[PDB]
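Chemist: quick one: initial chain(s) of a complex, as found there:
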Amino acid sequence: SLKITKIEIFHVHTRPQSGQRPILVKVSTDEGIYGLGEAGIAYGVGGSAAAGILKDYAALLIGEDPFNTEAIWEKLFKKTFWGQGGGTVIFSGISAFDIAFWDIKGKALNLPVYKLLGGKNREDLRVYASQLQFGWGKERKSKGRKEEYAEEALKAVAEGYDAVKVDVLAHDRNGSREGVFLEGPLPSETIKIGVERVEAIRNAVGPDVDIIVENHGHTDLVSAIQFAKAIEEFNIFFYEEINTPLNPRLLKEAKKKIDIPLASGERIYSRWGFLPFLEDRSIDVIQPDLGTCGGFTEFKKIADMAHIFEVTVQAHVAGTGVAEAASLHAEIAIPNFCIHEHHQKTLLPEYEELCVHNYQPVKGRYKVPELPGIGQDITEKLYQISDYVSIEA
């Protein structure tokens, strides 16, 4: 019965500490039910392109029935022209709408989204404390000294996390990115900086806390192999984004010389994006972002394909409470779940103020929301602190 009547797009003004700008969409229907979604380009450079694609796709969606998520997905894929060429922004547009549609379906049926995605596969979700190099962390500040890495890890363990993730190569010993270059064979001292940080954490947290190493795509396969050799002895849980994902075969080549499990996904989009990595079996833990991979509809398809290849899933989660709530539904509903990412940015007040619920882990575990829909909404403030665009018929 439902028809989309209004689409509102919020390109949120710069968040002071992080410098980031989340992009949210509110999709309203004739019956007054609305849904929230998020485009997963809150950080880096390109958020205005996400706000733009959402505006353009909106014209094709007014009048549509939000229950028709398969047909709408395929329409944005096949009828936009650019859908068939793919891309970060193209897929973020499809994703944000898809999330909002599933939010609507949940509300329309009086059920949490995970009940519409195939139910629960576990009672709760293991969580890791993500991006310790920026502090754990209501004050965001990049860390340079090895004792600071250990300290931030200890703060997370004190809160009950039994896993942490850290980028140990990005910053020099002053905590600056300035002059740090990580492609090709690395100097001994750069390797030493990474190793001393991993070692300081491992010593501090002991053997029963897992450590994930994040390279942020700053390395390439040559430097990634070199660094893995140096940190292997520390029992690394997995090794994330070790190069550029645009020539997929290179990760298979990296894996030939790296024994640590490999992870990637935040810059790989749709079934088509993940396919070559699965064919190569070069990724052990995939990390699709609901807000870029294609939404709930596509995340499920990616995870389901990945299961055939004995690959597990950790959703990439790095924006507002809309993104984070949504991720919990997607992860609880798949059998092949690894671990949940809990980003340090969620601990900053600039992010906390955006949503009505601040879902936080308890003793390092997350439970899925049990409200109808995704279980999240934006605050009334949002209109006033965003570039705002409204589309109707």
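Modeler: Right, received. Where do you want to start? Numbering: from 1, shown residues only, chains lettered A, B, ... in the order given.

Chemist: Going by C-alpha atoms from here, please, whenever you check contacts or count neighbours.
Modeler: Noted.

Chemist: Kindly provide the distance from the closest residue to residue A:334 other than its chain neighbours to residue A:367.
Modeler: Among residues not flanking residue A:334 along the chain, residue A:121 sits closest, at 6.4 Å (CA to CA, 6 or more residues apart in numbering). From residue A:121 across to residue A:367, the span is 12 Å (CA to CA, to the nearest Å).

Chemist: again with residue A:349
Modeler: Distance from residue A:349 to residue A:367, by CA to CA: 22 Å.

Chemist: Likewise for residue A:88?
Modeler: In this view, residue A:88 and residue A:367 are 29 Å apart by CA to CA.

Chemist: who's more crowded, these two?
Modeler: Between residue A:88 and residue A:367, counting by other CA atoms under 10 Å, residue A:88 is the more crowded of the two (22 against 18).

Chemist: what are the pairing partners of the helix or strand hosting residue A:164, and which direction each?
Modeler: Here residue A:164, judged by DSSP states H and E, is contained in strand A:163-166. Using DSSP bridges, the strands paired with strand A:163-166 in its sheet are strand A:125-130 (parallel), strand A:210-214 (parallel).

Chemist: could you give the angle of the helix or strand just after the first one to strand A:125-130?
Modeler: In the C-terminal direction, the helix or strand that comes right after strand A:125-130 (DSSP H and E) is helix A:146-158. Angle, helix A:146-158 to strand A:125-130, by axes from the mean of the first three to the mean of the last three CA atoms, to 10 degrees: 160 degrees.

Chemist: Using CSV, write out every CA atom in helix A:146-158.
Modeler: Output of helix A:146-158 as CSV, limited to C-alpha atoms (Å, rounded to 0.1, in the frame of the first residue of the first chain):
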residue,chain,number,x,y,z
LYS,A,146,54.6,3.5,21.8
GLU,A,147,53.5,3.9,25.4
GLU,A,148,50.4,5.8,24.2
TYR,A,149,49.4,2.9,21.9
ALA,A,150,49.6,0.6,24.9
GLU,A,151,47.7,3.0,27.1
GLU,A,152,44.8,3.3,24.8
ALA,A,153,44.6,-0.5,24.4
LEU,A,154,44.5,-0.8,28.2
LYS,A,155,41.7,1.8,28.4
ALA,A,156,39.6,-0.4,26.0
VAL,A,157,40.4,-3.6,27.9
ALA,A,158,39.3,-1.9,31.1
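
Chemist: Also put chain B in, sequence below:
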Amino acid sequence: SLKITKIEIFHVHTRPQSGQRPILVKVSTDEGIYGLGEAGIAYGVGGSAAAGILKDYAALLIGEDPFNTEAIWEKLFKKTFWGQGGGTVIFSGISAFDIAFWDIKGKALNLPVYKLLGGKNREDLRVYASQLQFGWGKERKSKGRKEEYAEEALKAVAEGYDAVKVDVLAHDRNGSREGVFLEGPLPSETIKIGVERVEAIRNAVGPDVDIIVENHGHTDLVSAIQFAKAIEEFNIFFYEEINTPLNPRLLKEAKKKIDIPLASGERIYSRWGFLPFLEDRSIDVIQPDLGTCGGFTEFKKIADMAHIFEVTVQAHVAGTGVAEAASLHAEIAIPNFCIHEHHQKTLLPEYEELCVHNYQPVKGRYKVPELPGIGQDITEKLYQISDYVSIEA
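Modeler: Okay, here's chain B dropped in alongside the others:
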């Protein structure tokens, strides 16, 4: 929440003129909502195994929540031991229950199942008239002379079908399977018999009615290629089950020498079954059966994977109205739908008396049921004409 309280399995007694024995399952819950499913082993030899697998799986399912379709599928896959070895019977067990679970979800939410599978991708479904060699099709009788093949095709066209399917190799000119053997290089006269039948049909129906050729796995790659060469000139729509699917690479070898699109699926099960054929891109139209491929849950995963490879889908449909109703929901909910199989057996009173609703095409088109759930139920007669097993707490 919702819990399974009772499971009833009906291994239906021999259907007089088809010789078949459908296997249905009724899953009851603590809220009085029940679901119907079907195991796709109604013909050939093995129905009692399907009845037996359902009985064994039932022990694991009493007390479960039918909304947890993902977890239950994974439990039957991973906790039975044999799930991980796979197979016709193993997957038919998972399938029949999965269908009944989705029926339950639809009834619980007062929605047709297609609304829970992602909505409609089209307003109706193109249908073909299947298995003309048995007559179209109120009486089942094998055809021998080429004019009989033309006549049955015309009977279909008169009902408004614009596509037909025929097995032209299975029967000799007297309509007998006796002494017919179709592996290895074929006699000229066997080629001639097949060609004369396709030719008679094509001449009768004209260019605008599609002709699908069914080999029923009676051929192997050698005889399949030899026959394809002889019938290519007749514009064959696709060419189904041309060999044994147990060594998948053989179909890739077949495709090297066959220009006609290839179809298969009724004897290929789960994502894991279809994977090699997709990797080889050797099937143009996959034909999973809901009742053997793993139910709605797995059908969707198969179809969604197939989409990546520009492969389209026609559900294999060859049992009761429970199977047929369920297939309509699965097909309308996918973007990459090809055509729907309407089997001649449904036209027989043996089968019609099993189910409450008799869904039939109108002018060669099917519409999905709009009732809650799959839109089908079993008649009162079923308890009296089945081997009946009931499992409770």
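
Chemist: Tell me the buried residues in the very next helix or strand once past the strand holding residue A:164?
Modeler: Where DSSP H and E defines the elements, the next helix or strand beyond strand A:163-166 is helix A:188-205. For helix A:188-205, a neighbour-count test (16 or more other CA atoms under 10 Å in any protein chain shown) marks A:190-191, A:193-202, A:204-205 as buried.

Chemist: list the helices and strands helix A:188-205 packs on?
Modeler: When contacts are defined as 3 or more CA pairs under 8 Å, 6 or more residues apart in numbering or on different chains; DSSP states H and E, helix A:188-205 sits against helix A:146-158, helix A:221-231.

Chemist: closest to residue A:92 out of those?
Modeler: Ranking those by proximity to residue A:92 (CA to CA) places helix A:221-231 first, at 27.2 Å.

Chemist: OK, contacts around residue A:243?
Modeler: Each residue near residue A:243 by CA atoms under 8 Å, 6 or more residues apart in numbering or on different chains is listed here: A:215, A:216, A:217, A:218, A:219, A:220, A:221, A:224, A:251.

Chemist: Make a markdown table from those and add distance to chain B to it.
Modeler: Shown next, in a markdown table, are these (distance: CA to the nearest CA, whole Å):
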| residue | distance to chain B |
| --- | --- |
| A:215 | 30 |
| A:216 | 28 |
| A:217 | 27 |
| A:218 | 30 |
| A:219 | 30 |
| A:220 | 28 |
| A:221 | 27 |
| A:224 | 30 |
| A:251 | 20 |
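
Chemist: Which of the residues you listed ranks first by neighbour count?
Modeler: Counting neighbours by other CA atoms under 10 Å in any protein chain shown, the top entry in those is residue A:224, with 25 neighbours.

Chemist: Can you give me the neighbour number for the nearest residue to that residue once chain neighbours are set aside?
Modeler: In this structure, residue A:224 finds its nearest non-sequential neighbour in residue A:242, 5.7 Å apart by CA to CA, 6 or more residues apart in numbering or on different chains. Around residue A:242 there are 26 other residues, counting by other CA under 10 Å.

Chemist: How about the one 10 residues further on?
Modeler: As a burial measure, residue A:252 scores 18 neighbours (other CA under 10 Å).

Chemist: with the structure above as the base, add chain C:
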Amino acid sequence: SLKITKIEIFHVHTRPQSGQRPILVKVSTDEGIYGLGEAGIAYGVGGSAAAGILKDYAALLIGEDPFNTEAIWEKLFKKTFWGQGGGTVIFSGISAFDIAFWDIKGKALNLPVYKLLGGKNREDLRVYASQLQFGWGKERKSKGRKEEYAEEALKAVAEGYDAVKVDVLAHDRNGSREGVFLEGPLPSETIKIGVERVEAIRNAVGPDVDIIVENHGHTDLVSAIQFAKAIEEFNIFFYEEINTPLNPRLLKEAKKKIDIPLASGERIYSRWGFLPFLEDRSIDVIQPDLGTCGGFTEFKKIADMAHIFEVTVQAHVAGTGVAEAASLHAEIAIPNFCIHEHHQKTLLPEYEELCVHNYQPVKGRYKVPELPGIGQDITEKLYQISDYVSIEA
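Modeler: That brings us to chain C, laid onto the chains above:
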């Protein structure tokens, strides 16, 4: 030395006949020299995303030296985060700025851009008349009857073109896209519509006018193969965008069964996008758009790589005179040039009014502009008929 002081972005208001919205960028320097570029998303759905990416990238570019095209390209690729994930909009942003930078270089050195790209490889360029199905063509109007396809081809041949391109599958016999669906095996009547149009064209123009068939990615590999079989007898020059380019291996599968040379590239971006197609040798003529592939800098890299594989190049050209002027420099400067696309849209006044020079073929031949830079500028009107964004300094 040279520093970028200002960036202006023009998202041009809807063009009436075509419904399109070009996106232009003007980059100004501290020496008063400015350059023009264009993002190649003027048609389909997503122009606002291109406007948005240009705005976001502009922040990284103020103060940069436009001669540093390599470092700026790598910066936008490696320092934006999303650069390394790729995509239509991501690469369109890099492309538009890159074109403007080369325009600046040419003006600064008082040379046409081709002199900075390695000089002329030929004195002029062979051209085809592109998109006959919309009319050749100061009035845009989709054609339905086969005689109309012949008529439009003759109009082109009368202007001295010895090659034409037509999409013969997209429209029904009424000139309408409504209800036309071209994935999976095709009905005989759809094949007949396509065939009769190719045939009518070939009969009208004779043997010495080449015919390119454009599928616009509406087909998939199955329908593409079926159609190629039907038209091969008409000596098709090449066969463009026959499926979705997101799973590259599928084009290799298509080539196995298609004798006609294959073309693609308007929805493939960067060296990374073309690589798998070259690895498979599945494309005979690549068609990168300067405004999406990565600009002059990357177009050259794509073409140079393609040469190793005995692949030739026709730039995809389908926007304003900025895009068209730019493409002439890129094409004259490469050894492996095939033919130049001259789009019917350039014939419409809504496009004519946007630029200072209206470069048009003479006797089916293009000459490269000989003015400083790309040899093109926007009109004063542009500010008044665009969504306008200015970024300083």
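
Chemist: once more on the buried residues of helix A:188-205, this time with chain C?
Modeler: For helix A:188-205, using 16+ other CA under 10 Å, the buried residues are A:190-191, A:193-202, A:204-205.

Chemist: of those, closest to residue A:157?
Modeler: residue A:205 (7.4 Å).

Chemist: Note down every partner strand of the lengthiest strand in chain A and its orientation.
Modeler: Using DSSP state E, we find that the single longest strand of chain A is strand A:4-12. Using DSSP bridges, the strands paired with strand A:4-12 in its sheet are strand A:23-29 (antiparallel), strand A:386-392 (antiparallel).

Chemist: Just the residues contacting that strand, thanks.
Modeler: Contact with strand A:4-12 is made by A:21-30, A:47-48, A:51, A:54-55, A:58, A:61-66, A:382-383, A:385-393, as judged by CA under 8 Å, 6+ apart.

Chemist: Dump that strand to PDB, keeping only the CA atoms.
Modeler: Output of strand A:4-12 as PDB, limited to C-alpha atoms (Å, rounded to 0.1, in the frame of the first residue of the first chain):
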ATOM      1  CA  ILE A   4       7.200   7.200  -1.100                       C
ATOM      2  CA  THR A   5       6.100  10.900  -0.900                       C
ATOM      3  CA  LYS A   6       9.100  12.800   0.400                       C
ATOM      4  CA  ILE A   7      12.800  12.300   0.500                       C
ATOM      5  CA  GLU A   8      15.000  14.500   2.800                       C
ATOM      6  CA  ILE A   9      18.800  14.600   2.600                       C
ATOM      7  CA  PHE A  10      21.000  15.900   5.400                       C
ATOM      8  CA  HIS A  11      24.600  16.600   4.600                       C
ATOM      9  CA  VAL A  12      25.700  17.200   8.200                       C
END
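
Chemist: quick one: buried residues of that strand?
Modeler: Under the neighbour-count criterion of 16+ other CA under 10 Å, strand A:4-12 has A:4, A:5, A:6, A:7, A:8, A:9, A:10, A:11, A:12 buried.

Chemist: bridging residues for the first one?
Modeler: Using DSSP bridges, the beta-bridge partners of residue A:4 come out as residue A:29.

Chemist: Please report how far it lies from residue A:28.
Modeler: Separation of residue A:4 from residue A:28 (CA to CA): 6 Å.
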